[PDB]
Every structure is written in C-alpha cells, then in structure tokens.
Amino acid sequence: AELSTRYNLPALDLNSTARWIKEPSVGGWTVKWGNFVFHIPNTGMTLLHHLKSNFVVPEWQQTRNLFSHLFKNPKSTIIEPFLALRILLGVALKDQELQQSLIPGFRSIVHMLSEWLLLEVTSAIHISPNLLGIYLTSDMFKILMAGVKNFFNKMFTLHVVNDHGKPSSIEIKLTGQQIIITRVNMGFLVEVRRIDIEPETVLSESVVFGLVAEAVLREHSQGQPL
C-alpha cells in the first residue's frame, strides 16, 4: 500500500453576516452565515441525552465523571448542535487575531454580531445602514471570513481529552457567561455556564451544552462538503 492522490480536487453579499439562515436538510440542517455554508448532522443527540443517566454501561461512566457538571447534574440542559455552532461562532468573532486588523467602527459592529450570536437565537440582527455603509467594506468582510476560518483551524490544534497534560479545551468569558470548548472524539463539546433571569426577579446559575461534529468545522478549517 502507498499514499496517492486519486480524488483530489482540480486547482458580494455583505448583509449575509447579519443573517442566520437555518434550514433542515439531508441528515440534519444547513446554516448559512456570511459566505459559510454549514452542514450540521443529527449526530450525538441521542447519546448526549442518555449520558445524563447513571444507568449506562460501565464504559461511559468515566465520561460522566469527567464531565460531572454536565452529565451528573440533572439541571443542565442539552442544546441542539446548530445552537452550539452559533455559540462557537460568537466566540470566534471575539478572537484576538481577528479583531487586530479590523477598523474600530467595524470592530464595534463585530461586537454587536458576537453578542447577537451568543445571547440570541433570532435569524437576523438589524444594524443601521449608516454604520454598515462606512465600516462594512469588502476588505472587512474578507478579513472577517478569513478570521473565522483561522479560529476553526486553531481549534484543530486542540488535543482530544488525554492523560498526558495536553491542552484539550479553550475557555473564555464573554458578556457575563463562561464558555468552554473541549475537543472529544466525536467533535467539539460546547459548554456555557450563564446566569438565567426568570420573571419578582430571580437569578440562578444555568448550564447548557451541545456537541458540534468535527466535520462541521473541518469543512471550513483549511473544498467539498463531504
């Protein structure tokens, strides 16, 4: 046997950044944002729910122990993978390497977008054409997309959880909620610890988490959707 290339490949819409177009497709969903087309599978949802039970075969108990706050805490809730991707994108927009070559006006726009992705589930954010008309240039759009791909790429530098002191996670605080992204065998576990405000006003610690399949990000980390 030997390595060989047989199936190798042969060698605008600015307002798309303000849209979050989710739509069901074969094997899951498609989400369009910017010039990215995300293909989200239904993978792991059944497993994730089952792992919150303590009546799992012994091989899964280590997993439940490692993520106690997620699996051995009944109060934590599982979110759909496309919501977890949305959260992941919100984090990417705040990447230090991305916001370093942006103009301040557009930087503040990116900030609004980031908050919209992290805190909301709405399909659109409305920003005044006055700010977009001077700050959202083709260059800034290009850089923004290049930055997100770059963040996806550095996520693949993460090692899957291991027993030999290797960085398996990325932690960040954004708009009053601790976000943790961990690489597992199935992809990236996206975990958010926030404070929920329930209407007398009552504040409580809340934990949500979802699983973004590796293929979702690998498609946009370096082609074809397969």
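The first residue of the shown sequence is 1; numbering continues from there.
A chain break between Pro199 and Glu200 is present, corresponding to 1 to 3 residues of the deposited sequence without coordinates. Between 19-27 and 212-220, it is 19-27 that carries the larger average Cα temperature factor according to the deposited entry. Averaged over their C-alpha atoms, the temperature factors of 126-134 and 146-154 are higher for 126-134.
Sorting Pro58, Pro41, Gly176, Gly187 by the CA temperature factor given in the entry leaves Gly176 at the top. The PDB entry assigns its highest CA temperature factor, among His164, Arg193, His159, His49, to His164. Looking at the C-alpha B-factors along this chain, the one for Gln99 belongs to the middle third. When the modelled residues of the chain are ordered by their C-alpha B factor, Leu83 lands in the lowest third. In this PDB entry, the Cα temperature factor of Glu120 sits in the top third of its chain's modelled residues, the highest group. Sorting the modelled residues of the chain by their CA temperature factor places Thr77 in the middle third.
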